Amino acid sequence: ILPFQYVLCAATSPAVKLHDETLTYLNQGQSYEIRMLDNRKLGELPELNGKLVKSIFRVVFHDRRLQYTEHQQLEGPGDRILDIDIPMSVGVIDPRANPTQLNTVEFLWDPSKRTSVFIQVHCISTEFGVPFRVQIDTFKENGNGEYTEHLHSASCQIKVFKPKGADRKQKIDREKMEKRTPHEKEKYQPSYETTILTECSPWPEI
């Protein structure tokens, strides 16, 4: 099935319709926890038992046409769009920030062990209010240390604000929903206290 689950520890907006993708507001530069979980039932991928996997994280534009045309705005002194807060992280092995892709980081982890990566996002949605996508692609190696066999990809939709802006936008969403009729409130999903990433197409290259 789906061998892993990734949980971004930030609440979703309460102003999204029932069956639409979640939207999560983040503050620029704030460390956010992403829990890396084994989602396998008994028996799946025993080759993973006792080995590590590699996850590659990207922050890209959520709209596909905007990503197709403006991807280089996020890719690239010392000005990164995505970074790993290594001192706060747990179970994060050999973390690396790609010096040529300022919106990409990677690390190894053991799905049998507690694993929480903390990330900071430094691009702001209004410097282009466009949504971004946090995407994770996860790989195994086959005995030569090359983590190149794709296992799983998932992603979530975010907007990033200058700090406190995410709290402000979440408050505006709450106060907008409070004004709506009962019959219209029913058409929206509640805010969830974490953001569970959902399966997506693999990134077209490793």
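The numbering used is simple: start at 1 and walk along the sequence shown.
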item: Deposited residues omitted from coordinates between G91 and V92, as a class; value: none
item: Missing from the model but present in the deposited sequence, between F128 and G129; value: 4 to 9
item: Mean Cα B-factor comparison, 196-204 or 1-9, giving the higher one as deposited; value: 1-9
item: Greater mean Cα temperature factor according to the PDB record, 18-26 or 178-186; value: 178-186
item: Given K41, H152, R35, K159, the residue at which the Cα B factor reaches its maximum; value: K41
item: Largest Cα B-factor, entry values, listed residues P111, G76, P87, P95; value: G76
item: Cα B factor band for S31 (lowest, middle or highest third within the chain); value: middle
item: Ranked C-alpha temperature factor of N49 among modelled chain residues, by third; value: highest
item: Ranked C-alpha temperature factor of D137 among modelled chain residues, by third; value: lowest
item: Ranked against its chain, the third holding the CA B-factor of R58; value: lowest
item: Cα B factor band for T115 (lowest, middle or highest third within the chain); value: lowest
